[PDB]
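K.L.:
Quick one: the structure is below, questions incoming.
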2 protein chains.
Amino acid sequence: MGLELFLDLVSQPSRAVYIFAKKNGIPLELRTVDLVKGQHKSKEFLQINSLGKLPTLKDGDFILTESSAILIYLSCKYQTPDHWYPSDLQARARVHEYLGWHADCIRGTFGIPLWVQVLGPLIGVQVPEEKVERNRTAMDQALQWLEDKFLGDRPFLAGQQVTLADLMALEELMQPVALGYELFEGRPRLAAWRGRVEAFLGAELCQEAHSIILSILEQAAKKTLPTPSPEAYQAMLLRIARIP
Amino acid sequence: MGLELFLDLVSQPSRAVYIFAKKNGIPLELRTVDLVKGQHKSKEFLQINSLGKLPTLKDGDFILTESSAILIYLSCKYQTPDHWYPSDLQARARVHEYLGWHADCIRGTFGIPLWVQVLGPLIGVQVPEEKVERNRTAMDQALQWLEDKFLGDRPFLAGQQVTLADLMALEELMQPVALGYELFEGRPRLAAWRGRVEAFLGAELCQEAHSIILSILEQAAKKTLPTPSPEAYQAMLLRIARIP
Ligand SMILES: N[C@@H](CCC(=O)N[C@@H](CS)C(=O)NCC(=O)O)C(=O)O
Ligand SMILES: N[C@@H](CCC(=O)N[C@@H](CS)C(=O)NCC(=O)O)C(=O)O
């Protein structure tokens with residue numbers, strides 16, 4: 001089986017998967033890949049995943065990418081609790097729906113702050129104020145939608161109990177926070193849903209799942225951060241180039 | 001049951017779903033919503049889907065959005081052929097993985113041309129060349145990935161037979177084409193994959209699923225296009241504002 005999971009705990013979709021696996025207690029070989037360094041671009045890694053993206057899971061000689069795909073697969077193969085990924089048609093539909101919306105309106109919008117504050121200047125590139133602002137108004141714009149649409153009255157985005165949907169959302173949301181953005185400030189619903197999940201995941205897990213990222217802003221200050229490889233240097237420029 | 005599907009055949013995720021339902025022959029009440037007009041923003045529609053996005057399906061009093069979520073749900077509830085959404089763990093994982101990647105690298109990048117050429121100017125807004133270019137190089141950049149990563153040797157992105165993965169990709173791909181972008185030009189693998197799918201879907205269905213969009217560029221020239229409502233006008237501004 002081997003079952004290895006290549007990931008960097010800085011990447012949020014990496015934490016989401018790492019957390020699910022850990023909490024459900026699934027044997028996994030944690031394969032660290034310094035993203036900031038450019039290891040996911042190493043010839044060796046590309047031999048594992050041509051896309052050079054994290055996280056990617058290798059079960060046997062079957063390599064799979066995409067936290068969602070991974071998360072689901074994992075959940076299935078290991079028959080983890082159903083509340084996680086309900087077999088109920090209506091219930092699972094609600095999960096998928098959020099994941100879809102998540103990829104459209106959450107992923108890629110809530111990761112920008114790290115670029116603006118860390119990765120961006122790491123290679124000398126400074127993000128234009130316009131986008132920096134445009135980004136944040138975009139964020140809360142989406143935080144609200146998330147709040148009264150998915151969260152609404154219920155306790156979770158996908159329904160009545162913690163679900164993959166939550167693990168993704170919060171992990172993705174925690175990034176800006178780790179940079180000093182308190183998106184929960186004036187959103188009791190959010191704060192409460194967050195506090196809820198954190199509650200269900202246990203301080204220990206979360207306390208370690210995060211660690212890396214809440215420290216990063218510092219290694220940034222103190223220049224502990226590694227110099228990106230040219231292959232990562234290029235990927236970085238691309239991503240920054242697409243921040244609207 | 002009622003089972004109604006609100007959609008505009010201009011939106012690609014709308015076609016994808018409309019096609020699947022049609023091809024699998026699933027009773028559905030086609031509920032047209034002039035996107036360009038701004039009907040998906042009509043107080044009435046919002047009573048149906050707060051997000052004001054298309055397509056959305058209403059089965060009973062259970063309203064669900066997101067083509068993927070929809071597609072899957074539909075496929076399940078109506079026990080349509082398995083090749084579509086394989087129950088095989090490894091096989092379904094491959095689907096999900098593409099859908100994930102699709103939402104990241106396909107959706108939102110291949111729809112831009114219509115904005116640049118149609119919707120943009122429709123409201124007086126002209127898209128900057130930079131982005132117009134940046135966009136296309138981004139497109140083929142992704143078309144390639146798609147080509148040698150998902151399509152690779154095999155006949156389909158998700159595996160050996162047509163799958164939701166394909167229905168999404170091609171429907172999303174067809175847009176730029178409909179505007180005059182032949183993304184299949186120097187990509188036999190693609191063209192061939194396309195030709196294959198088109199083959200499996202039957203000229204009739206596809207000939208009607210498209211119609212609307214291949215004519216649009218003209219109603220644009222001839223000014224047949226409706227004046228967007230201010231609620232659509234604002235939506236449009238936002239989207240255009242996020243074209244990097
Ligand atoms: N949709 C994928 C996206 C993965 C992704 O983009 N990961 C980042 C780390 S935060 C990465 O590997 N970036 C480098 C690259 O893709 O070139 C998922 O959520 O699993
Ligand atoms: N991720 C969703 C996106 C749906 C979407 O953005 N649809 C467009 C039509 S092409 C729309 O409704 N735009 C108006 C808006 O969202 O304000 C899906 O693919 O189902």
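Labels used: A, B, ... for chains in the order of the structure tokens, numbers from 1 for residues in each chain, and numbers from 1 for ligands as shown.
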Taking 5 positions as the minimum chain separation for residues in the same chain, which residues sit within 7 Å of residue A:55 when counting only C-alpha atoms? Answer as a PyMOL selection string.
P.N.:
chain A and resi 6-7+13-14+65-67
K.L.:
Quick one: write out the picked residues with N, CA and C atoms as a PDB file, in the first residue's frame?
P.N.:
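Just written: again.pdb:
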ATOM      1  N   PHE A   6       2.281  13.555  -0.350  1.00  0.00           N
ATOM      2  CA  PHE A   6       3.233  14.633  -0.519  1.00  0.00           C
ATOM      3  C   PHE A   6       2.451  15.915  -0.270  1.00  0.00           C
ATOM      4  N   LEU A   7       3.013  16.802   0.555  1.00  0.00           N
ATOM      5  CA  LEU A   7       2.333  18.044   0.914  1.00  0.00           C
ATOM      6  C   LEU A   7       3.233  19.008   1.670  1.00  0.00           C
ATOM      7  N   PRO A  13      -4.898  23.531   0.892  1.00  0.00           N
ATOM      8  CA  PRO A  13      -5.586  22.284   0.532  1.00  0.00           C
ATOM      9  C   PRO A  13      -4.799  21.104   1.065  1.00  0.00           C
ATOM     10  N   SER A  14      -3.539  21.373   1.397  1.00  0.00           N
ATOM     11  CA  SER A  14      -2.651  20.355   1.935  1.00  0.00           C
ATOM     12  C   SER A  14      -3.050  20.107   3.381  1.00  0.00           C
ATOM     13  N   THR A  65      -4.203  13.686  -7.509  1.00  0.00           N
ATOM     14  CA  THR A  65      -4.081  15.060  -7.048  1.00  0.00           C
ATOM     15  C   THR A  65      -5.474  15.624  -6.744  1.00  0.00           C
ATOM     16  N   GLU A  66      -5.526  16.879  -6.291  1.00  0.00           N
ATOM     17  CA  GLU A  66      -6.783  17.569  -5.949  1.00  0.00           C
ATOM     18  C   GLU A  66      -7.334  17.169  -4.573  1.00  0.00           C
ATOM     19  N   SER A  67      -7.160  18.049  -3.585  1.00  0.00           N
ATOM     20  CA  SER A  67      -7.633  17.794  -2.226  1.00  0.00           C
ATOM     21  C   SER A  67      -9.022  17.146  -2.221  1.00  0.00           C
TER      22      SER A  67
END
K.L.:
Within 10 Å of chain A, which residues of chain B come that close, and what is the closest atom pair and distance in Å for each? Count only C-alpha atoms and give it as JSON lines.
P.N.:
{"residue": "B:49", "atom": "CA", "partner": "A:149", "partner_atom": "CA", "distance": 9.4}
{"residue": "B:50", "atom": "CA", "partner": "A:149", "partner_atom": "CA", "distance": 7.2}
{"residue": "B:51", "atom": "CA", "partner": "A:145", "partner_atom": "CA", "distance": 7.8}
{"residue": "B:59", "atom": "CA", "partner": "A:90", "partner_atom": "CA", "distance": 10.0}
{"residue": "B:62", "atom": "CA", "partner": "A:90", "partner_atom": "CA", "distance": 8.0}
{"residue": "B:63", "atom": "CA", "partner": "A:94", "partner_atom": "CA", "distance": 9.7}
{"residue": "B:64", "atom": "CA", "partner": "A:97", "partner_atom": "CA", "distance": 7.2}
{"residue": "B:65", "atom": "CA", "partner": "A:97", "partner_atom": "CA", "distance": 6.1}
{"residue": "B:66", "atom": "CA", "partner": "A:97", "partner_atom": "CA", "distance": 5.3}
{"residue": "B:67", "atom": "CA", "partner": "A:100", "partner_atom": "CA", "distance": 8.2}
{"residue": "B:68", "atom": "CA", "partner": "A:100", "partner_atom": "CA", "distance": 6.9}
{"residue": "B:69", "atom": "CA", "partner": "A:97", "partner_atom": "CA", "distance": 4.9}
{"residue": "B:70", "atom": "CA", "partner": "A:93", "partner_atom": "CA", "distance": 7.3}
{"residue": "B:71", "atom": "CA", "partner": "A:93", "partner_atom": "CA", "distance": 9.6}
{"residue": "B:72", "atom": "CA", "partner": "A:93", "partner_atom": "CA", "distance": 7.6}
{"residue": "B:73", "atom": "CA", "partner": "A:93", "partner_atom": "CA", "distance": 6.0}
{"residue": "B:74", "atom": "CA", "partner": "A:89", "partner_atom": "CA", "distance": 9.5}
{"residue": "B:76", "atom": "CA", "partner": "A:89", "partner_atom": "CA", "distance": 7.4}
{"residue": "B:77", "atom": "CA", "partner": "A:89", "partner_atom": "CA", "distance": 7.3}
{"residue": "B:89", "atom": "CA", "partner": "A:73", "partner_atom": "CA", "distance": 6.7}
{"residue": "B:90", "atom": "CA", "partner": "A:73", "partner_atom": "CA", "distance": 7.8}
{"residue": "B:92", "atom": "CA", "partner": "A:73", "partner_atom": "CA", "distance": 8.3}
{"residue": "B:93", "atom": "CA", "partner": "A:69", "partner_atom": "CA", "distance": 5.6}
{"residue": "B:94", "atom": "CA", "partner": "A:64", "partner_atom": "CA", "distance": 7.5}
{"residue": "B:95", "atom": "CA", "partner": "A:69", "partner_atom": "CA", "distance": 8.1}
{"residue": "B:96", "atom": "CA", "partner": "A:69", "partner_atom": "CA", "distance": 4.9}
{"residue": "B:97", "atom": "CA", "partner": "A:69", "partner_atom": "CA", "distance": 4.9}
{"residue": "B:98", "atom": "CA", "partner": "A:66", "partner_atom": "CA", "distance": 8.2}
{"residue": "B:99", "atom": "CA", "partner": "A:69", "partner_atom": "CA", "distance": 8.5}
{"residue": "B:100", "atom": "CA", "partner": "A:66", "partner_atom": "CA", "distance": 6.1}
{"residue": "B:101", "atom": "CA", "partner": "A:66", "partner_atom": "CA", "distance": 6.9}
{"residue": "B:102", "atom": "CA", "partner": "A:103", "partner_atom": "CA", "distance": 9.5}
{"residue": "B:103", "atom": "CA", "partner": "A:103", "partner_atom": "CA", "distance": 6.0}
{"residue": "B:104", "atom": "CA", "partner": "A:103", "partner_atom": "CA", "distance": 6.6}
{"residue": "B:107", "atom": "CA", "partner": "A:104", "partner_atom": "CA", "distance": 8.2}
{"residue": "B:108", "atom": "CA", "partner": "A:104", "partner_atom": "CA", "distance": 8.3}
{"residue": "B:131", "atom": "CA", "partner": "A:242", "partner_atom": "CA", "distance": 9.2}
{"residue": "B:134", "atom": "CA", "partner": "A:242", "partner_atom": "CA", "distance": 8.7}
{"residue": "B:135", "atom": "CA", "partner": "A:242", "partner_atom": "CA", "distance": 9.3}
{"residue": "B:138", "atom": "CA", "partner": "A:238", "partner_atom": "CA", "distance": 9.6}
{"residue": "B:145", "atom": "CA", "partner": "A:51", "partner_atom": "CA", "distance": 7.8}
{"residue": "B:148", "atom": "CA", "partner": "A:50", "partner_atom": "CA", "distance": 9.5}
{"residue": "B:149", "atom": "CA", "partner": "A:50", "partner_atom": "CA", "distance": 7.4}
{"residue": "B:238", "atom": "CA", "partner": "A:138", "partner_atom": "CA", "distance": 9.4}
{"residue": "B:240", "atom": "CA", "partner": "A:244", "partner_atom": "CA", "distance": 9.7}
{"residue": "B:241", "atom": "CA", "partner": "A:244", "partner_atom": "CA", "distance": 7.4}
{"residue": "B:242", "atom": "CA", "partner": "A:244", "partner_atom": "CA", "distance": 5.2}
{"residue": "B:243", "atom": "CA", "partner": "A:244", "partner_atom": "CA", "distance": 6.0}
{"residue": "B:244", "atom": "CA", "partner": "A:244", "partner_atom": "CA", "distance": 4.0}
K.L.:
Report the distance between atom CA of residue A:163 and atom CA of residue B:79 in Å, rounded to one decimal place.
P.N.:
24.6 Å
K.L.:
Running DSSP on the backbone, which parts of stretch 27-197 of chain A land in strand (DSSP E or B), as an NGL selection string?
P.N.:
:A and (29-32 or 56-59 or 62-65 or 156 or 159)
K.L.:
Store the residues picked out above, limited to N, CA, C and O atoms, as a tab-separated table (two decimals), in the first residue's frame.
P.N.:
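again-v7.tsv written:
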chain	number	residue	atom	x	y	z
A	29	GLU	N	2.04	8.18	4.80
A	29	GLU	CA	3.45	8.53	4.80
A	29	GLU	C	3.57	10.00	4.38
A	29	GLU	O	3.53	10.33	3.18
A	30	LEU	N	3.71	10.88	5.37
A	30	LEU	CA	3.82	12.30	5.08
A	30	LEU	C	5.08	12.65	4.31
A	30	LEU	O	6.20	12.57	4.84
A	31	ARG	N	4.89	13.03	3.05
A	31	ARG	CA	5.98	13.40	2.16
A	31	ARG	C	6.05	14.91	2.01
A	31	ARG	O	5.33	15.49	1.20
A	32	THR	N	6.91	15.55	2.79
A	32	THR	CA	7.06	16.99	2.74
A	32	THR	C	7.69	17.49	1.45
A	32	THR	O	8.67	16.91	0.97
A	56	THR	N	-0.58	15.86	-3.32
A	56	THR	CA	-0.84	14.74	-4.21
A	56	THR	C	-0.61	13.49	-3.37
A	56	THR	O	0.29	13.44	-2.53
A	57	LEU	N	-1.46	12.50	-3.58
A	57	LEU	CA	-1.38	11.25	-2.83
A	57	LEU	C	-0.99	10.10	-3.72
A	57	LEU	O	-1.49	9.97	-4.84
A	58	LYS	N	-0.10	9.25	-3.23
A	58	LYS	CA	0.34	8.09	-3.98
A	58	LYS	C	-0.03	6.78	-3.28
A	58	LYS	O	0.65	6.35	-2.36
A	59	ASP	N	-1.13	6.17	-3.72
A	59	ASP	CA	-1.56	4.90	-3.16
A	59	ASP	C	-1.14	3.85	-4.19
A	59	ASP	O	-1.68	3.80	-5.30
A	62	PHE	N	-0.82	4.33	-8.03
A	62	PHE	CA	-1.94	5.19	-8.40
A	62	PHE	C	-1.77	6.58	-7.77
A	62	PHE	O	-2.09	6.77	-6.60
A	63	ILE	N	-1.28	7.53	-8.56
A	63	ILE	CA	-1.06	8.89	-8.08
A	63	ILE	C	-2.27	9.79	-8.35
A	63	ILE	O	-2.73	9.90	-9.49
A	64	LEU	N	-2.77	10.43	-7.30
A	64	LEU	CA	-3.93	11.28	-7.44
A	64	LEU	C	-3.72	12.67	-6.81
A	64	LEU	O	-3.12	12.81	-5.74
A	65	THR	N	-4.20	13.69	-7.51
A	65	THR	CA	-4.08	15.06	-7.05
A	65	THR	C	-5.47	15.62	-6.74
A	65	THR	O	-6.48	14.92	-6.91
A	156	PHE	N	-23.36	23.98	9.80
A	156	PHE	CA	-22.29	23.78	8.84
A	156	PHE	C	-22.64	24.15	7.42
A	156	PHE	O	-23.81	24.23	7.05
A	159	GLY	N	-24.38	21.20	5.84
A	159	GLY	CA	-25.52	20.60	6.49
A	159	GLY	C	-25.53	20.66	8.00
A	159	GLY	O	-25.29	21.70	8.60
K.L.:
What does the distance between atom CA of residue A:40 and atom CA of residue A:132 come to in Å, to one decimal place?
P.N.:
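About the pair atom CA of residue A:40 and atom CA of residue A:132: they are 26.7 Å apart.
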K.L.:
Kindly indicate which residue among B:227, B:175, B:234, B:39 lies nearest to residue B:215, using only C-alpha atoms for the distances.
P.N.:
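When distances to residue B:215 are compared using only C-alpha atoms, the smallest one comes from B:175.
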K.L.:
Taking into account only C-alpha atoms and all ligand atoms, which residue in the set A:3, A:122, A:106, A:19 is nearest to ligand 2?
P.N.:
A:106
K.L.:
Find the residues around residue B:61 up to 10 Å (only C-alpha atoms counted), leave out those fewer than 5 positions away in its own chain, and share them as a list in words.
P.N.:
residues 1, 2, 3 and 48 of chain B
K.L.:
If you keep N, CA, C and O atoms, can you produce a file of those selected residues as a short mmCIF file (atom, residue, chain, number, x, y, z; two decimals), in the first residue's frame?
P.N.:
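So result-v2.cif came out as:
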data_model
loop_
_atom_site.label_atom_id
_atom_site.label_comp_id
_atom_site.auth_asym_id
_atom_site.auth_seq_id
_atom_site.Cartn_x
_atom_site.Cartn_y
_atom_site.Cartn_z
N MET B 1 -42.80 15.62 -8.31
CA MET B 1 -41.35 15.75 -8.64
C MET B 1 -41.08 17.09 -9.32
O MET B 1 -40.16 17.81 -8.94
N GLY B 2 -41.90 17.42 -10.32
CA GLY B 2 -41.73 18.66 -11.05
C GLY B 2 -40.41 18.69 -11.78
O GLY B 2 -40.37 18.82 -13.00
N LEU B 3 -39.32 18.55 -11.03
CA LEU B 3 -37.96 18.55 -11.56
C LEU B 3 -37.72 19.54 -12.71
O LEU B 3 -37.77 19.17 -13.89
N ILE B 48 -35.48 31.63 -5.59
CA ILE B 48 -35.18 30.25 -5.94
C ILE B 48 -33.73 29.93 -5.67
O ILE B 48 -33.41 28.85 -5.20
#
K.L.:
I'd like the neighbourhood of residue B:208 as a PyMOL selection string, where a residue qualifies if any of its atoms comes within 12 Å (using only C-alpha atoms), though same-chain residues fewer than 2 positions away should be ignored.
P.N.:
chain B and resi 9-10+15+18-19+22-23+201-206+210-215
K.L.:
With C-alpha atoms retained, could you export that selection as a CSV table (one decimal), in the first residue's frame?
P.N.:
chain,number,residue,atom,x,y,z
B,9,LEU,CA,-27.8,27.8,-23.1
B,10,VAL,CA,-25.2,30.5,-23.4
B,15,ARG,CA,-25.1,23.3,-21.6
B,18,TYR,CA,-28.7,20.3,-20.3
B,19,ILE,CA,-26.7,17.9,-22.5
B,22,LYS,CA,-31.0,15.3,-22.7
B,23,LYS,CA,-28.7,12.5,-23.7
B,201,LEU,CA,-23.3,12.7,-28.2
B,202,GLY,CA,-24.9,12.7,-31.6
B,203,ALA,CA,-25.0,15.7,-34.0
B,204,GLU,CA,-28.6,16.4,-33.2
B,205,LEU,CA,-28.2,17.1,-29.5
B,206,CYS,CA,-25.0,19.0,-29.8
B,210,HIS,CA,-24.9,25.0,-29.0
B,211,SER,CA,-27.1,26.9,-31.5
B,212,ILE,CA,-27.5,29.9,-29.1
B,213,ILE,CA,-23.9,30.6,-28.6
B,214,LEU,CA,-22.6,30.3,-32.2
B,215,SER,CA,-25.3,32.8,-33.2
K.L.:
Based on the backbone DSSP call, show me all residues of stretch 95-192 of chain A assigned alpha helix (DSSP H), as an MDAnalysis selection string.
P.N.:
chainID A and resid 95:105 112:114 120:122 129:145 164:178 188:192
K.L.:
Could you check how far atom CA of residue A:154 sits from atom CA of residue B:75, in Å to one decimal?
P.N.:
27.2 Å
K.L.:
Point out the residue among A:105, A:192, A:169, A:222 with the least atom-to-atom distance to ligand 2, counting only C-alpha atoms and all ligand atoms.
P.N.:
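Of all the options, A:105 lies closest to ligand 2.
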